[PDB]
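Just target.pdb here, PDB, C-alpha atoms:
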ATOM      1  CA  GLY Y   1      79.664  25.959  59.595
ATOM      2  CA  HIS Y   2      83.130  27.304  58.976
ATOM      3  CA  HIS Y   3      82.503  30.919  59.999
ATOM      4  CA  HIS Y   4      83.733  30.584  63.539
ATOM      5  CA  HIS Y   5      87.038  31.083  65.345
ATOM      6  CA  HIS Y   6      88.356  34.026  63.368
ATOM      7  CA  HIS Y   7      89.322  37.214  65.048
ATOM      8  CA  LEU Y   8      90.606  39.989  62.982
ATOM      9  CA  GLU Y   9      88.459  42.940  63.824
ATOM     10  CA  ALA Y  10      85.758  40.214  64.115
ATOM     11  CA  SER Y  11      85.758  39.743  60.368
ATOM     12  CA  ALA Y  12      87.565  42.001  57.909
ATOM     13  CA  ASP Y  13      84.765  41.760  55.317
ATOM     14  CA  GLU Y  14      81.983  42.398  57.847
ATOM     15  CA  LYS Y  15      84.037  45.314  59.176
ATOM     16  CA  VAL Y  16      85.062  46.943  55.828
ATOM     17  CA  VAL Y  17      81.450  46.856  54.616
ATOM     18  CA  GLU Y  18      80.493  49.031  57.584
ATOM     19  CA  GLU Y  19      83.401  51.384  56.716
ATOM     20  CA  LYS Y  20      81.946  51.966  53.282
ATOM     21  CA  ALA Y  21      78.344  51.955  54.464
ATOM     22  CA  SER Y  22      78.952  54.682  57.019
ATOM     23  CA  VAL Y  23      80.274  57.073  54.366
ATOM     24  CA  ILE Y  24      77.566  56.029  51.918
ATOM     25  CA  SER Y  25      74.865  56.692  54.512
ATOM     26  CA  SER Y  26      76.340  60.166  55.110
ATOM     27  CA  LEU Y  27      75.956  61.054  51.436
ATOM     28  CA  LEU Y  28      72.447  59.571  51.442
ATOM     29  CA  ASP Y  29      71.692  61.697  54.507
ATOM     30  CA  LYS Y  30      72.770  64.939  52.755
ATOM     31  CA  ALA Y  31      70.196  64.154  50.133
ATOM     32  CA  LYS Y  32      67.516  63.265  52.696
ATOM     33  CA  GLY Y  33      67.084  66.846  53.992
ATOM     34  CA  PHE Y  34      67.586  68.097  50.475
ATOM     35  CA  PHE Y  35      64.566  66.131  49.157
ATOM     36  CA  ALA Y  36      62.194  67.555  51.712
ATOM     37  CA  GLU Y  37      62.474  71.161  50.652
ATOM     38  CA  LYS Y  38      64.307  71.255  47.393
ATOM     39  CA  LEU Y  39      62.953  68.265  45.526
ATOM     40  CA  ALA Y  40      59.476  69.261  46.428
ATOM     41  CA  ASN Y  41      59.908  72.432  44.422
ATOM     42  CA  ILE Y  42      62.197  70.816  41.903
ATOM     43  CA  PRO Y  43      60.501  68.004  39.948
ATOM     44  CA  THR Y  44      62.808  65.027  39.783
ATOM     45  CA  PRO Y  45      62.268  61.415  38.557
ATOM     46  CA  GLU Y  46      61.366  58.798  41.114
ATOM     47  CA  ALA Y  47      62.961  55.407  41.478
ATOM     48  CA  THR Y  48      61.993  52.405  43.538
ATOM     49  CA  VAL Y  49      63.212  48.882  44.335
ATOM     50  CA  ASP Y  50      60.618  46.198  43.676
ATOM     51  CA  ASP Y  51      61.523  42.566  43.827
ATOM     52  CA  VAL Y  52      64.222  39.993  43.362
ATOM     53  CA  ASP Y  53      64.169  37.059  40.989
ATOM     54  CA  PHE Y  54      65.314  33.665  42.137
ATOM     55  CA  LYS Y  55      67.895  33.259  39.467
ATOM     56  CA  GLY Y  56      71.153  31.648  40.429
ATOM     57  CA  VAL Y  57      73.842  31.077  42.902
ATOM     58  CA  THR Y  58      77.319  32.302  43.625
ATOM     59  CA  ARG Y  59      79.719  30.322  45.806
ATOM     60  CA  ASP Y  60      79.222  32.448  48.941
ATOM     61  CA  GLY Y  61      75.701  33.822  48.571
ATOM     62  CA  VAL Y  62      72.879  33.690  46.038
ATOM     63  CA  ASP Y  63      72.771  35.692  42.812
ATOM     64  CA  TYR Y  64      69.490  37.386  42.260
ATOM     65  CA  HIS Y  65      68.175  39.736  39.766
ATOM     66  CA  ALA Y  66      66.567  42.663  41.538
ATOM     67  CA  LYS Y  67      64.269  45.212  39.965
ATOM     68  CA  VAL Y  68      64.744  48.912  40.272
ATOM     69  CA  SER Y  69      62.072  50.816  38.472
ATOM     70  CA  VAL Y  70      62.402  54.415  37.558
ATOM     71  CA  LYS Y  71      59.676  56.593  36.173
ATOM     72  CA  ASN Y  72      60.548  59.884  34.648
ATOM     73  CA  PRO Y  73      58.419  62.319  32.708
ATOM     74  CA  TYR Y  74      61.045  64.287  30.779
ATOM     75  CA  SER Y  75      62.058  63.548  27.288
ATOM     76  CA  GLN Y  76      65.677  62.978  28.050
ATOM     77  CA  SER Y  77      67.807  59.997  28.695
ATOM     78  CA  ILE Y  78      69.123  60.433  32.208
ATOM     79  CA  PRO Y  79      71.862  57.930  32.998
ATOM     80  CA  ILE Y  80      72.315  56.802  36.559
ATOM     81  CA  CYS Y  81      75.706  58.157  37.286
ATOM     82  CA  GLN Y  82      76.715  56.230  40.441
ATOM     83  CA  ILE Y  83      74.188  53.865  41.966
ATOM     84  CA  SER Y  84      74.473  53.059  45.615
ATOM     85  CA  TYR Y  85      73.895  49.458  46.394
ATOM     86  CA  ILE Y  86      72.910  48.506  49.891
ATOM     87  CA  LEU Y  87      72.149  44.931  50.526
ATOM     88  CA  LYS Y  88      70.934  43.971  53.996
ATOM     89  CA  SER Y  89      70.302  40.809  55.971
ATOM     90  CA  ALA Y  90      67.972  40.806  59.025
ATOM     91  CA  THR Y  91      69.965  41.932  62.026
ATOM     92  CA  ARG Y  92      73.646  42.177  61.215
ATOM     93  CA  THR Y  93      75.895  42.610  58.311
ATOM     94  CA  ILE Y  94      75.159  44.125  55.013
ATOM     95  CA  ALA Y  95      76.836  44.404  51.675
ATOM     96  CA  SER Y  96      77.586  47.822  50.362
ATOM     97  CA  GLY Y  97      78.846  49.016  47.046
ATOM     98  CA  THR Y  98      78.447  51.450  44.259
ATOM     99  CA  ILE Y  99      77.817  50.495  40.649
ATOM    100  CA  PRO Y 100      78.957  52.898  37.879
ATOM    101  CA  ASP Y 101      76.092  53.333  35.334
ATOM    102  CA  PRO Y 102      73.662  50.382  35.850
ATOM    103  CA  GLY Y 103      71.299  51.628  33.180
ATOM    104  CA  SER Y 104      69.611  54.740  31.893
ATOM    105  CA  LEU Y 105      66.203  56.342  31.647
ATOM    106  CA  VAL Y 106      64.485  55.895  28.312
ATOM    107  CA  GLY Y 107      63.060  59.398  28.370
ATOM    108  CA  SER Y 108      59.409  59.954  29.272
ATOM    109  CA  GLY Y 109      58.214  56.697  30.754
ATOM    110  CA  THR Y 110      58.744  53.957  33.239
ATOM    111  CA  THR Y 111      61.737  51.733  32.914
ATOM    112  CA  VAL Y 112      62.810  48.749  34.963
ATOM    113  CA  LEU Y 113      66.483  48.572  35.592
ATOM    114  CA  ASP Y 114      68.281  45.661  37.223
ATOM    115  CA  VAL Y 115      71.216  45.130  39.486
ATOM    116  CA  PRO Y 116      73.014  41.889  40.501
ATOM    117  CA  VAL Y 117      72.016  41.307  44.066
ATOM    118  CA  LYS Y 118      73.860  39.049  46.429
ATOM    119  CA  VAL Y 119      71.042  37.787  48.626
ATOM    120  CA  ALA Y 120      71.774  35.943  51.916
ATOM    121  CA  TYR Y 121      75.418  36.557  50.986
ATOM    122  CA  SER Y 122      75.570  39.047  53.791
ATOM    123  CA  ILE Y 123      74.453  36.713  56.580
ATOM    124  CA  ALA Y 124      76.663  34.004  55.009
ATOM    125  CA  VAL Y 125      79.886  36.034  55.049
ATOM    126  CA  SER Y 126      79.103  37.113  58.572
ATOM    127  CA  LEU Y 127      78.240  33.794  60.241
ATOM    128  CA  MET Y 128      76.068  31.697  57.878
ATOM    129  CA  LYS Y 129      73.381  30.083  60.002
ATOM    130  CA  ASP Y 130      73.396  26.705  58.171
ATOM    131  CA  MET Y 131      71.523  26.512  54.967
ATOM    132  CA  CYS Y 132      68.304  24.715  55.654
ATOM    133  CA  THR Y 133      65.631  23.463  53.336
ATOM    134  CA  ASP Y 134      62.733  25.869  52.775
ATOM    135  CA  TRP Y 135      63.926  28.926  54.591
ATOM    136  CA  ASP Y 136      62.154  32.241  54.976
ATOM    137  CA  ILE Y 137      64.945  34.726  55.365
ATOM    138  CA  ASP Y 138      64.453  38.349  56.460
ATOM    139  CA  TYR Y 139      65.969  40.276  53.620
ATOM    140  CA  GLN Y 140      66.074  43.992  52.787
ATOM    141  CA  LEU Y 141      67.297  45.974  49.801
ATOM    142  CA  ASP Y 142      68.036  49.677  49.810
ATOM    143  CA  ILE Y 143      69.286  51.492  46.765
ATOM    144  CA  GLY Y 144      70.425  55.040  46.407
ATOM    145  CA  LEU Y 145      70.721  55.901  42.787
ATOM    146  CA  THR Y 146      72.209  59.176  41.679
ATOM    147  CA  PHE Y 147      70.546  61.393  39.123
ATOM    148  CA  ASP Y 148      72.455  64.332  37.834
ATOM    149  CA  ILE Y 149      70.608  67.421  36.824
ATOM    150  CA  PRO Y 150      71.920  70.848  35.650
ATOM    151  CA  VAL Y 151      69.398  72.361  38.057
ATOM    152  CA  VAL Y 152      71.467  71.367  41.068
ATOM    153  CA  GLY Y 153      73.900  68.521  40.705
ATOM    154  CA  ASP Y 154      73.928  65.059  42.215
ATOM    155  CA  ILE Y 155      70.887  63.643  43.926
ATOM    156  CA  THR Y 156      71.146  60.227  45.531
ATOM    157  CA  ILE Y 157      67.651  58.966  46.106
ATOM    158  CA  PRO Y 158      67.755  56.117  48.641
ATOM    159  CA  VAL Y 159      64.796  53.974  48.008
ATOM    160  CA  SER Y 160      64.503  51.549  50.786
ATOM    161  CA  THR Y 161      62.772  48.221  50.512
ATOM    162  CA  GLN Y 162      62.168  45.583  53.154
ATOM    163  CA  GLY Y 163      60.784  42.166  52.620
ATOM    164  CA  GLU Y 164      61.524  38.522  52.895
ATOM    165  CA  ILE Y 165      62.919  35.838  50.679
ATOM    166  CA  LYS Y 166      62.093  32.185  50.720
ATOM    167  CA  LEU Y 167      65.160  30.165  50.067
ATOM    168  CA  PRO Y 168      64.058  26.665  48.822
ATOM    169  CA  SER Y 169      65.038  23.135  50.004
ATOM    170  CA  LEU Y 170      67.993  22.918  47.553
ATOM    171  CA  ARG Y 171      70.183  23.447  50.578
ATOM    172  CA  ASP Y 172      73.198  23.829  48.338
ATOM    173  CA  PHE Y 173      72.153  27.109  46.884
ATOM    174  CA  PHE Y 174      73.353  28.933  49.889
TER     175      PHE Y 174
END

Let me see the file written as structure tokens.
Amino acid sequence: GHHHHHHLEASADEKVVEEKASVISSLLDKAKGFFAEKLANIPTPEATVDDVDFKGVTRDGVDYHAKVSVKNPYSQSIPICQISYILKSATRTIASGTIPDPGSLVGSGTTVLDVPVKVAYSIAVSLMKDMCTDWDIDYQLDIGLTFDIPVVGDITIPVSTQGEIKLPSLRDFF
């Protein structure tokens, strides 16, 4: 493809994503030890990433609609103030980001929220294998959404999800 013979810290995009990711992972890590003891005594809503819908394409990577379901028994609308977006692709390169308010909890119930996910985009910006026809790609999605509660403050719950995506024989969808 075209992603070859470029040397500026390997690739500025590939590099700057890691910059962001490193800091993001540190904030996720503060919450990790926090969950174990504090959020076991402090009832907090649980979120989870589920699946991605084959939806559309972007000229770089694909544009999917991923599900993030949150279930919360509390009759209050908790908005997700700061949602950490971590898109991954097999071995190397990811796409990191943070979306301000992607949705809110309905109050007492389960609610599926969605985020625009750039799938395969990561491996594309890095090297881009060569879009094939009928391609099972090793994809992962990790999301750390932040709930705010007067009990403590900010809790970023990183719900990790690993799977696989089958990218069909369009060949010009990637």

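We find CA of residue 164 (chain Y) and CA of residue 140 (chain Y) to be spaced 7.1 Å apart.
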
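In this comparison, which uses all atoms listed in the file, the residue of Y:116, Y:144, Y:100, Y:56 approaching residue 161 (chain Y) most closely is Y:144.
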
Checklist outcome for this item: With distances taken over only C-alpha atoms, the candidate from Y:85, Y:135, Y:74, Y:147 nearest residue 165 (chain Y) is Y:135

Checklist entry - Which of these residues is nearest to residue 57 (chain Y), using only C-alpha atoms: Y:19, Y:148, Y:130, Y:172? => result Y:172

Item to check | Using all atoms listed in the file: which of Y:84, Y:108, Y:126, Y:76 has the shortest distance to residue 141 (chain Y) | outcome: Y:84

Show me, as a Markdown table, the residues of region 21-50 of chain Y having an atom within 12 Å of region 109-113 of chain Y, each with the closest atom pair and its distance in Å, using only C-alpha atoms.
| residue | atom | partner | partner_atom | distance |
| --- | --- | --- | --- | --- |
| Y:45 | CA | Y:110 | CA | 9.8 |
| Y:46 | CA | Y:110 | CA | 9.6 |
| Y:47 | CA | Y:112 | CA | 9.3 |
| Y:48 | CA | Y:112 | CA | 9.4 |
| Y:49 | CA | Y:113 | CA | 9.3 |
| Y:50 | CA | Y:112 | CA | 9.3 |

Checklist entry - Taking all atoms listed in the file into account, which of Y:7, Y:29, Y:17, Y:170 comes nearest residue 62 (chain Y)? => result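 Once distances to residue 62 (chain Y) are computed over all atoms listed in the file, the minimum belongs to Y:170.
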
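Rounded to one decimal, CA of residue 79 (chain Y) and CA of residue 107 (chain Y) lie 10.1 Å from each other.
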
Find the spatial neighbours of residue 131 (chain Y), counting only C-alpha atoms, within a cut-off of 10 Å - ignore same-chain residues fewer than 3 positions away - and output them as a PDB file with C-alpha atoms, in the frame of the given file.
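part-v3.pdb was written with the following content:
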ATOM      1  CA  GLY Y   1      79.664  25.959  59.595  1.00  0.00           C
ATOM      2  CA  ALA Y 120      71.774  35.943  51.916  1.00  0.00           C
ATOM      3  CA  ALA Y 124      76.663  34.004  55.009  1.00  0.00           C
ATOM      4  CA  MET Y 128      76.068  31.697  57.878  1.00  0.00           C
ATOM      5  CA  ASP Y 134      62.733  25.869  52.775  1.00  0.00           C
ATOM      6  CA  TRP Y 135      63.926  28.926  54.591  1.00  0.00           C
ATOM      7  CA  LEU Y 167      65.160  30.165  50.067  1.00  0.00           C
ATOM      8  CA  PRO Y 168      64.058  26.665  48.822  1.00  0.00           C
ATOM      9  CA  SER Y 169      65.038  23.135  50.004  1.00  0.00           C
ATOM     10  CA  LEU Y 170      67.993  22.918  47.553  1.00  0.00           C
ATOM     11  CA  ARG Y 171      70.183  23.447  50.578  1.00  0.00           C
ATOM     12  CA  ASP Y 172      73.198  23.829  48.338  1.00  0.00           C
ATOM     13  CA  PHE Y 173      72.153  27.109  46.884  1.00  0.00           C
ATOM     14  CA  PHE Y 174      73.353  28.933  49.889  1.00  0.00           C
TER      15      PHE Y 174
END

Checklist entry - How would you write, as a list in words, the residues chosen by the PyMOL selection byres ((chain Y and resi 149) around 12) on this structure? => result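 Selected by the PyMOL selection byres ((chain Y and resi 149) around 12) in this file: residues 39, 42, 43, 44, 45, 74, 76, 77, 78, 79, 80, 81, 146, 147, 148, 150, 151, 152, 153, 154, 155 and 156 of chain Y.
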
Checklist entry - With all atoms listed in the file as the basis for distance, which of Y:139, Y:86, Y:119, Y:114 is at the shortest distance from residue 22 (chain Y)? => result Y:86

Item to check | Evaluate the PyMOL selection byres ((chain Y and resi 31) around 9) and report residues as a ChimeraX atom specification | outcome: /Y:26-30,32-36,154-158

Next on the checklist: To one decimal place in Å, what is the distance between CA of residue 54 (chain Y) and CA of residue 118 (chain Y)?
Outcome noted: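 Separation of CA of residue 54 (chain Y) and CA of residue 118 (chain Y): 11.0 Å.
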
Checklist entry - Selected by the PyMOL selection byres ((chain Y and resi 66) around 7) in the shown coordinates: which residues, as a PyMOL selection string? => result chain Y and resi 51-53+64-65+67-68+114-117

For region 149-154 of chain Y, take all atoms listed in the file, fit an axis-aligned box around them, add 8 Å to each of the six sides, then output centre and edge lengths in Å rounded to one decimal, as AutoDock Vina command-line options.
--center_x 71.7 --center_y 68.7 --center_z 38.9 --size_x 20.5 --size_y 23.3 --size_z 22.6
